[PDB]
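Chemist: What follows is the file target.txt, containing compact mmCIF, C-alpha atoms:
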# COMPACT_ATOMS: atom_id res chain seq x y z
CA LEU K 64 9.10 39.58 13.27
CA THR K 65 7.27 39.78 16.59
CA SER K 66 10.26 41.57 18.14
CA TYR K 67 9.99 44.04 15.27
CA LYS K 68 6.38 44.45 16.43
CA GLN K 69 7.49 45.75 19.83
CA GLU K 70 10.12 47.87 18.07
CA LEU K 71 7.43 49.41 15.87
CA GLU K 72 5.18 49.98 18.89
CA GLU K 73 8.00 51.86 20.61
CA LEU K 74 8.71 53.82 17.42
CA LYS K 75 5.03 54.76 17.22
CA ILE K 76 5.03 55.86 20.86
CA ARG K 77 8.07 58.00 20.07
CA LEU K 78 6.65 59.45 16.84
CA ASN K 79 3.45 60.40 18.69
CA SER K 80 5.09 63.84 18.65
CA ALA K 81 5.36 63.34 14.88
CA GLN K 82 2.00 64.74 13.80
CA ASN K 83 3.15 63.83 10.27
CA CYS K 84 2.73 60.14 11.15
CA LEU K 85 -0.39 57.98 10.83
CA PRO K 86 0.37 54.67 12.61
CA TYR K 105 -9.15 54.52 7.53
CA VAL K 106 -7.60 57.55 5.80
CA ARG K 107 -8.04 58.82 2.26
CA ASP K 108 -5.25 56.71 0.75
CA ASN K 109 -1.51 56.34 0.38
CA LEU K 110 0.49 58.97 -1.49
CA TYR K 111 0.80 56.58 -4.43
CA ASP K 112 -2.88 55.70 -3.95
CA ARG K 113 -3.66 59.41 -4.18
CA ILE K 114 -1.58 59.29 -7.35
CA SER K 115 -4.03 56.62 -8.48
CA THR K 116 -7.47 57.11 -6.94
CA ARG K 117 -8.78 60.61 -6.23
CA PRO K 118 -5.99 61.75 -8.49
CA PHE K 119 -6.05 65.50 -7.85
CA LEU K 120 -2.36 65.83 -7.01
CA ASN K 121 -2.13 69.60 -7.29
CA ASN K 122 1.29 71.23 -7.50
CA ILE K 123 0.42 73.14 -4.35
CA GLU K 124 -0.68 69.88 -2.77
CA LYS K 125 2.51 68.24 -4.02
CA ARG K 126 4.74 70.82 -2.34
CA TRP K 127 2.61 70.46 0.79
CA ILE K 128 2.90 66.67 0.60
CA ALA K 129 6.68 66.97 0.24
CA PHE K 130 6.89 69.27 3.26
CA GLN K 131 4.67 66.89 5.24
CA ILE K 132 6.81 63.90 4.24
CA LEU K 133 10.08 65.58 5.17
CA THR K 134 8.54 66.58 8.50
CA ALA K 135 7.22 63.06 9.11
CA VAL K 136 10.61 61.48 8.43
CA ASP K 137 12.46 64.01 10.60
CA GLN K 138 9.93 63.66 13.43
CA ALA K 139 10.05 59.86 13.34
CA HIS K 140 13.85 59.99 13.43
CA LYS K 141 14.00 62.50 16.29
CA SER K 142 11.33 60.57 18.19
CA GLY K 143 13.46 57.49 17.54
CA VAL K 144 11.76 56.05 14.47
CA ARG K 145 13.56 55.14 11.24
CA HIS K 146 11.35 54.50 8.20
CA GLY K 147 13.95 52.99 5.87
CA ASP K 148 11.35 52.24 3.19
CA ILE K 149 9.55 55.56 2.79
CA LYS K 150 7.74 55.61 -0.56
CA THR K 151 4.80 57.28 -2.27
CA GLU K 152 2.83 54.09 -1.64
CA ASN K 153 4.08 54.22 1.96
CA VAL K 154 3.02 57.88 2.36
CA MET K 155 -0.39 58.21 4.02
CA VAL K 156 -2.89 60.96 3.16
CA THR K 157 -6.26 61.88 4.65
CA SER K 158 -9.43 63.23 3.06
CA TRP K 159 -7.55 66.55 3.04
CA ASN K 160 -4.23 65.23 1.66
CA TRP K 161 -2.65 64.75 5.09
CA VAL K 162 0.70 63.27 4.03
CA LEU K 163 1.69 61.38 7.19
CA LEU K 164 4.51 58.84 7.39
CA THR K 165 3.65 55.44 8.84
CA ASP K 166 4.37 51.70 8.53
CA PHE K 167 8.02 52.11 9.54
CA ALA K 168 9.63 48.95 8.18
CA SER K 169 11.29 47.90 11.43
CA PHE K 170 10.74 44.38 10.09
CA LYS K 171 12.64 45.18 6.89
CA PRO K 172 16.46 45.23 6.97
CA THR K 173 18.24 48.56 7.36
CA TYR K 174 20.83 47.45 4.82
CA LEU K 175 18.49 45.11 2.97
CA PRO K 176 20.19 41.87 1.89
CA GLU K 177 19.93 41.04 -1.81
CA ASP K 178 19.49 37.33 -0.99
CA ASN K 179 15.99 36.92 -2.41
CA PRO K 180 14.33 39.27 -4.92
CA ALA K 181 11.11 37.26 -4.76
CA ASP K 182 10.68 38.20 -1.09
CA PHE K 183 11.77 41.75 -1.95
CA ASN K 184 8.85 42.04 -4.36
CA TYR K 185 6.46 40.23 -2.00
CA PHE K 186 7.22 42.56 0.93
CA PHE K 187 8.93 45.82 -0.07
CA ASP K 188 6.76 46.58 -3.12
CA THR K 189 2.98 46.84 -2.68
CA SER K 190 2.21 48.98 -5.76
CA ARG K 191 3.41 46.50 -8.44
CA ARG K 192 5.85 49.13 -9.77
CA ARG K 193 8.68 47.50 -7.77
CA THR K 194 9.62 50.98 -6.53
CA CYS K 195 12.93 50.65 -4.65
CA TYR K 196 13.35 53.44 -2.10
CA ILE K 197 16.55 52.02 -0.60
CA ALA K 198 20.08 53.43 -0.54
CA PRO K 199 22.47 51.50 -2.80
CA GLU K 200 24.64 51.20 0.31
CA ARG K 201 21.75 49.15 1.71
CA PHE K 202 23.20 46.42 -0.52
CA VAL K 203 25.72 43.68 0.19
CA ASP K 204 29.28 44.71 1.03
CA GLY K 233 19.52 45.09 14.94
CA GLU K 234 17.57 48.30 14.40
CA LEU K 235 16.65 50.58 11.52
CA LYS K 236 18.87 53.39 10.27
CA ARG K 237 18.10 56.97 9.34
CA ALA K 238 20.22 56.46 6.21
CA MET K 239 17.86 53.91 4.65
CA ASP K 240 14.91 56.01 5.80
CA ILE K 241 16.32 59.12 4.12
CA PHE K 242 17.11 57.19 0.93
CA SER K 243 13.55 55.85 0.84
CA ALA K 244 12.15 59.33 1.51
CA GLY K 245 14.18 60.89 -1.30
CA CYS K 246 13.01 58.07 -3.55
CA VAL K 247 9.40 58.76 -2.56
CA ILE K 248 9.84 62.47 -3.28
CA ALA K 249 11.29 61.67 -6.70
CA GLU K 250 8.40 59.27 -7.33
CA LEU K 251 5.88 61.97 -6.43
CA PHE K 252 7.79 63.96 -9.03
CA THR K 253 7.29 61.07 -11.49
CA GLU K 254 4.28 59.36 -9.84
CA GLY K 255 3.94 56.13 -11.79
CA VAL K 256 7.58 56.04 -12.87
CA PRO K 257 9.63 54.11 -10.29
CA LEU K 258 13.10 55.62 -10.49
CA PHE K 259 14.54 52.16 -9.84
CA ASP K 260 12.37 49.09 -9.51
CA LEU K 261 13.54 45.87 -7.88
CA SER K 262 15.37 45.06 -11.11
CA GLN K 263 16.36 48.69 -11.71
CA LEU K 264 17.64 49.20 -8.17
CA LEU K 265 19.41 45.83 -8.29
CA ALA K 266 21.17 46.88 -11.50
CA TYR K 267 22.12 50.22 -9.96
CA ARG K 268 23.63 48.46 -6.94
CA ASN K 269 25.40 46.02 -9.27
CA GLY K 270 26.06 48.85 -11.73
CA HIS K 271 23.56 48.30 -14.54
CA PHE K 272 20.75 50.86 -14.01
CA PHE K 273 20.70 54.66 -13.79
CA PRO K 274 17.64 56.73 -12.82
CA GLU K 275 18.56 59.57 -15.20
CA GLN K 276 15.45 58.79 -17.25
CA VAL K 277 13.06 58.50 -14.29
CA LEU K 278 14.53 61.76 -13.01
CA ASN K 279 13.55 63.29 -16.34
CA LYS K 280 9.99 62.38 -15.36
CA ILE K 281 10.15 65.04 -12.64
CA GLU K 282 9.53 68.54 -14.00
CA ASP K 283 11.02 70.87 -11.38
CA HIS K 284 14.79 70.98 -11.83
CA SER K 285 15.68 71.99 -8.27
CA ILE K 286 13.23 69.54 -6.69
CA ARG K 287 14.63 66.67 -8.74
CA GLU K 288 18.19 67.74 -7.95
CA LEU K 289 17.54 67.73 -4.21
CA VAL K 290 15.59 64.46 -4.29
CA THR K 291 18.45 62.80 -6.17
CA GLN K 292 21.13 64.25 -3.89
CA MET K 293 19.14 62.52 -1.17
CA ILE K 294 18.91 59.46 -3.43
CA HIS K 295 22.36 58.00 -4.08
CA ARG K 296 24.64 55.24 -2.79
CA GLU K 297 24.69 55.98 0.91
CA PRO K 298 27.91 54.77 2.52
CA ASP K 299 27.77 58.22 4.14
CA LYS K 300 24.33 58.32 5.77
CA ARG K 301 22.16 61.37 5.18
CA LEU K 302 20.27 60.26 8.26
CA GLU K 303 17.68 63.05 8.57
CA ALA K 304 15.58 65.21 6.26
CA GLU K 305 15.93 68.36 8.38
CA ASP K 306 18.44 69.96 6.01
CA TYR K 307 16.14 69.26 3.06
CA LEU K 308 13.24 70.70 5.05
CA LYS K 309 15.28 73.85 5.69
CA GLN K 310 16.17 74.10 2.00
CA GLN K 311 12.50 73.78 0.98
CA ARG K 312 11.09 76.17 3.59
CA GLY K 313 13.10 78.99 2.03
CA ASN K 314 11.29 78.59 -1.30
CA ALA K 315 9.36 75.31 -1.44
CA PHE K 316 7.78 74.79 1.98
CA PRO K 317 5.79 77.72 3.24
CA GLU K 318 8.26 79.60 5.42
CA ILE K 319 5.64 81.16 7.68
CA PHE K 320 2.33 79.99 6.27
CA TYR K 321 3.04 76.37 7.19
CA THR K 322 3.99 77.35 10.73
CA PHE K 323 0.27 78.12 10.87
CA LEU K 324 -1.12 75.91 8.12
CA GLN K 325 0.70 72.78 9.30
CA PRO K 326 -0.25 73.66 12.89
CA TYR K 327 -3.98 74.00 12.20
CA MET K 328 -3.85 70.89 10.02
CA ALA K 329 -2.29 68.83 12.80
CA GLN K 330 -4.65 70.30 15.40
CA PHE K 331 -7.85 69.58 13.48
CA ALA K 332 -6.41 66.39 11.95
CA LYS K 333 -8.52 63.91 13.91
CA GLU K 334 -10.00 63.33 17.35
CA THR K 335 -10.16 67.12 17.52
CA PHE K 336 -12.51 68.33 20.25
CA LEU K 337 -14.10 70.92 17.97
CA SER K 338 -16.75 69.58 15.62
CA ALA K 339 -16.37 69.64 11.85
CA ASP K 340 -18.79 72.58 11.88
CA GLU K 341 -16.95 74.13 14.81
CA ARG K 342 -13.75 73.20 12.98
CA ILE K 343 -15.21 75.14 10.03
CA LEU K 344 -15.88 78.25 12.11
CA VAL K 345 -12.32 78.00 13.42
CA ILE K 346 -11.22 77.60 9.80
CA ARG K 347 -13.00 80.86 9.01
CA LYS K 348 -11.08 82.52 11.83
CA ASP K 349 -7.80 81.00 10.65
CA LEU K 350 -8.57 82.15 7.11
CA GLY K 351 -9.06 85.69 8.33
CA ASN K 352 -5.72 85.31 10.08
CA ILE K 353 -4.01 84.03 6.93
CA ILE K 354 -5.54 86.91 4.95
CA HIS K 355 -4.17 89.38 7.49
CA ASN K 356 -0.80 87.65 7.14
CA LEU K 357 -0.92 88.16 3.37
CA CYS K 358 -2.07 91.77 3.81
CA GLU K 372 -3.64 77.24 -3.93
CA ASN K 373 -1.52 76.53 -0.88
CA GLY K 374 -3.67 76.78 2.23
CA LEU K 375 -6.62 77.83 0.10
CA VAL K 376 -5.80 74.66 -1.81
CA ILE K 377 -5.00 72.66 1.31
CA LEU K 378 -7.69 74.51 3.26
CA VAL K 379 -10.16 73.70 0.50
CA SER K 380 -8.83 70.14 0.66
CA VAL K 381 -9.80 69.88 4.33
CA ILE K 382 -13.11 71.63 3.67
CA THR K 383 -13.96 68.94 1.13
CA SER K 384 -12.65 66.19 3.40
CA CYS K 385 -15.08 67.30 6.11
CA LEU K 386 -17.82 67.92 3.53
CA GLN K 387 -18.39 64.15 3.45
CA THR K 388 -20.74 64.67 6.41
CA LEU K 389 -23.75 66.98 6.76
CA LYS K 390 -24.09 67.95 10.44
CA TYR K 391 -25.88 71.28 10.98
CA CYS K 392 -27.61 72.80 7.95
CA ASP K 393 -26.78 76.41 8.83
CA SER K 394 -23.29 75.04 9.41
CA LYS K 395 -23.21 74.09 5.73
CA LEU K 396 -24.62 77.50 4.82
CA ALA K 397 -21.77 79.23 6.64
CA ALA K 398 -19.21 76.82 5.18
CA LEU K 399 -20.37 77.82 1.71
CA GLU K 400 -20.22 81.45 2.82
CA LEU K 401 -16.61 80.94 3.88
CA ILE K 402 -15.72 78.61 1.00
CA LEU K 403 -17.02 81.49 -1.10
CA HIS K 404 -14.31 83.89 0.08
CA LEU K 405 -11.45 81.44 -0.49
CA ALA K 406 -12.28 81.00 -4.18
CA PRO K 407 -10.59 84.32 -5.14
CA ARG K 408 -7.44 82.31 -5.87
CA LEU K 409 -8.78 78.87 -6.90
CA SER K 410 -11.42 80.25 -9.32
CA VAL K 411 -9.61 78.64 -12.27
CA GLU K 412 -8.43 75.65 -10.27
CA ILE K 413 -9.39 72.73 -8.03
CA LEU K 414 -12.27 75.02 -7.10
CA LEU K 415 -13.82 74.61 -10.54
CA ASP K 416 -12.58 71.03 -10.29
CA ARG K 417 -14.82 70.16 -7.32
CA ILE K 418 -16.27 73.44 -6.02
CA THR K 419 -19.03 72.86 -8.54
CA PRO K 420 -19.19 69.23 -7.37
CA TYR K 421 -19.83 70.01 -3.70
CA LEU K 422 -21.79 73.22 -4.32
CA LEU K 423 -24.27 71.15 -6.29
CA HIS K 424 -24.06 68.27 -3.82
CA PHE K 425 -24.52 70.86 -1.08
CA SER K 426 -27.43 72.65 -2.80
CA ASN K 427 -29.74 69.56 -2.89
CA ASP K 428 -30.96 68.61 0.58
CA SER K 429 -34.36 69.68 1.89
CA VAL K 430 -34.22 73.34 2.96
CA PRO K 431 -35.52 75.40 0.01
CA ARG K 432 -33.86 78.71 0.89
CA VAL K 433 -30.78 76.80 2.03
CA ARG K 434 -30.30 75.10 -1.34
CA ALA K 435 -31.29 78.40 -2.94
CA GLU K 436 -28.41 80.34 -1.42
CA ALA K 437 -26.27 77.26 -2.06
CA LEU K 438 -26.84 77.36 -5.81
CA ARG K 439 -26.51 81.15 -5.76
CA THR K 440 -23.01 80.76 -4.33
CA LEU K 441 -22.08 77.79 -6.54
CA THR K 442 -22.80 80.08 -9.47
CA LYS K 443 -21.65 83.56 -8.44
CA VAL K 444 -18.32 82.17 -7.28
CA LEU K 445 -18.24 80.02 -10.41
CA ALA K 446 -18.71 83.30 -12.27
CA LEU K 447 -15.60 85.45 -11.86
CA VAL K 448 -13.45 82.81 -13.59
CA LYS K 449 -11.79 84.00 -16.80
CA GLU K 450 -10.30 80.76 -18.16
CA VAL K 451 -11.71 77.31 -18.84
CA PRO K 452 -10.23 73.80 -18.83
CA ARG K 453 -11.33 71.49 -21.62
Will you turn the file into structure tokens for me?

Modeler:
Amino acid sequence: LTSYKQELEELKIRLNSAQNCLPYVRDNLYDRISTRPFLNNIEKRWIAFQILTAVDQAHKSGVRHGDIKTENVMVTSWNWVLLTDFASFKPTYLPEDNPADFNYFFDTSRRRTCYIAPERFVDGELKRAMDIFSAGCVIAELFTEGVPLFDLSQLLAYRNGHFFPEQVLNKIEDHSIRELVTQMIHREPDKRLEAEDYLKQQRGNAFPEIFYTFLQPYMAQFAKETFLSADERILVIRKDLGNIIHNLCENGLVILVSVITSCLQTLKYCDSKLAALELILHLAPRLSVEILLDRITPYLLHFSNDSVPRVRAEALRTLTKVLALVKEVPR
């Protein structure tokens, strides 16, 4: 296992280029399924793009995940889906010798989710085939969240020929997304080593073709350890939002709002918060009937409390006026 420790250290050094890797954060992708459970469809697509990018970047850097899963997918306070915990200690073609150890090590969510190629069964270093199988399994799980397409028992039956994920697939709503995730997820005597082809297929329709080139870039840049402060990061976010608007003339607004909330955890400069509201105000045009109402009220109120009378005054004014234009209401 210790040798696998040096292997994982080298894989982390390699994946350093992989901004989609996170070797505390908000939670795991399955944890985000559980706690803080606002898995928006826009966020989902963004998480899928981030996961495909993380797997491809780890592979290219020289990192094979093998056991990518929703539980294994890391997210930050802004839903930063970053691959990590590459199972260099777990077998590439995992032996079926002991299922007790398989549950004790591979599964950490209690759903026994088995993101392993059936060719990883009975007839060193990791393989991109097992990594891609696990990643497709994690994508399908994100499509079904709680539903493990094949648990330890389910995957064992599939390898032995007793379980089929047809049902769990039915958990996923999007037909094309499920189709691609399953095409990734099959018996893998022929290794679909990398997720680059899937990334290319999704960027046409699923992944933002051009928006991500900027959204993903700003996300990685401001991710953490960024020189600019959260308030400075917010001013830069205002600039980048003007840029995105010019590009156009949910999604980022969703993801952008995600990061705004993530940073909102701290106070920093008061006038900084005032501006943030001012900017957060503009973004609402799309999210009015969405995660905005979901938490925009939450922060706007949380923001409108502290000290400064006129500060909280304008804060409530925004919280409302933005809250106003909505024309539909969730229960």

Chemist: Counting only C-alpha atoms, which of K:192, K:117, K:75, K:140 gets nearest to residue 165 (chain K)?

Modeler: K:75

Chemist: Tell me which protein, DNA and RNA residues are within 8 Å of residue 376 (chain K), counting only C-alpha atoms, leaving out same-chain ones fewer than 3 positions away, and put them as an MDAnalysis selection string.

Modeler: chainID K and resid 123:124 372:373 379:380 409 413

Chemist: Write out as a list in words which residues come within 8 Å of residue 157 (chain K) when counting only C-alpha atoms, dropping same-chain ones fewer than 2 positions away.

Modeler: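 My reading of the contact set: residues 106, 107, 108, 155, 159, 160, 161, 162 and 384 of chain K.
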
Chemist: How would the residues just chosen look if you wrote them out with C-alpha atoms as a PDB file, keeping the file's coordinate frame?

Modeler:
ATOM      1  CA  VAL K 106      -7.600  57.550   5.800  1.00  0.00           C
ATOM      2  CA  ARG K 107      -8.040  58.820   2.260  1.00  0.00           C
ATOM      3  CA  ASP K 108      -5.250  56.710   0.750  1.00  0.00           C
ATOM      4  CA  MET K 155      -0.390  58.210   4.020  1.00  0.00           C
ATOM      5  CA  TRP K 159      -7.550  66.550   3.040  1.00  0.00           C
ATOM      6  CA  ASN K 160      -4.230  65.230   1.660  1.00  0.00           C
ATOM      7  CA  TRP K 161      -2.650  64.750   5.090  1.00  0.00           C
ATOM      8  CA  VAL K 162       0.700  63.270   4.030  1.00  0.00           C
ATOM      9  CA  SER K 384     -12.650  66.190   3.400  1.00  0.00           C
TER      10      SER K 384
END

Chemist: Enter the distance from CA of residue 154 (chain K) to CA of residue 408 (chain K), in Å, rounded to one decimal.

Modeler: 27.8 Å

Chemist: Given only C-alpha atoms as the basis, pick out the residue of K:158, K:270, K:451, K:329 nearest to residue 79 (chain K).

Modeler: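 Ranked by minimum distance to residue 79 (chain K), first place goes to K:329.
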
Chemist: Would you mind telling me which residue in K:156, K:385, K:290, K:261 lies nearest to residue 187 (chain K) when using all atoms listed in the file?

Modeler: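 Between K:156, K:385, K:290, K:261, the residue approaching residue 187 (chain K) most closely is K:261.
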
Chemist: Using only C-alpha atoms, can you list as number ranges by chain the residues within 10 Å of (-9.7, 70.5, -9.0)?

Modeler: K: 118-121, 376, 380, 409-420

Chemist: Write out as a list in words the residues lying within 9 Å of residue 247 (chain K), counting all atoms listed in the file and excluding same-chain residues fewer than 2 positions away.

Modeler: residues 110, 132, 148, 149, 150, 151, 152, 153, 154, 194, 196, 242, 243, 244, 245, 249, 250, 251, 252, 254 and 290 of chain K

Chemist: Save out the residues we just selected, C-alpha atoms, as a short mmCIF file (atom, residue, chain, number, x, y, z; two decimals), in the frame of the given file.

Modeler:
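Contents of out.cif, as written:
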data_model
loop_
_atom_site.label_atom_id
_atom_site.label_comp_id
_atom_site.auth_asym_id
_atom_site.auth_seq_id
_atom_site.Cartn_x
_atom_site.Cartn_y
_atom_site.Cartn_z
CA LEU K 110 0.49 58.97 -1.49
CA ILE K 132 6.81 63.90 4.24
CA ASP K 148 11.35 52.24 3.19
CA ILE K 149 9.55 55.56 2.79
CA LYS K 150 7.74 55.61 -0.56
CA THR K 151 4.80 57.28 -2.27
CA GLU K 152 2.83 54.09 -1.64
CA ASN K 153 4.08 54.22 1.96
CA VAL K 154 3.02 57.88 2.36
CA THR K 194 9.62 50.98 -6.53
CA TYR K 196 13.35 53.44 -2.10
CA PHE K 242 17.11 57.19 0.93
CA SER K 243 13.55 55.85 0.84
CA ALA K 244 12.15 59.33 1.51
CA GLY K 245 14.18 60.89 -1.30
CA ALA K 249 11.29 61.67 -6.70
CA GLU K 250 8.40 59.27 -7.33
CA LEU K 251 5.88 61.97 -6.43
CA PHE K 252 7.79 63.96 -9.03
CA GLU K 254 4.28 59.36 -9.84
CA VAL K 290 15.59 64.46 -4.29
#

Chemist: List the spatial neighbours of region 436-443 of chain K as a CSV table (one decimal) with C-alpha atoms, in the coordinates of the input - criterion: any atom at most 8 Å away, only C-alpha atoms, same-chain residues fewer than 3 positions off excluded.

Modeler:
chain,number,residue,atom,x,y,z
K,396,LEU,CA,-24.6,77.5,4.8
K,399,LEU,CA,-20.4,77.8,1.7
K,400,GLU,CA,-20.2,81.4,2.8
K,403,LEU,CA,-17.0,81.5,-1.1
K,418,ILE,CA,-16.3,73.4,-6.0
K,419,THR,CA,-19.0,72.9,-8.5
K,422,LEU,CA,-21.8,73.2,-4.3
K,423,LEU,CA,-24.3,71.2,-6.3
K,425,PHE,CA,-24.5,70.9,-1.1
K,426,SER,CA,-27.4,72.6,-2.8
K,432,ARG,CA,-33.9,78.7,0.9
K,433,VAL,CA,-30.8,76.8,2.0
K,446,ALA,CA,-18.7,83.3,-12.3
K,447,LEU,CA,-15.6,85.4,-11.9
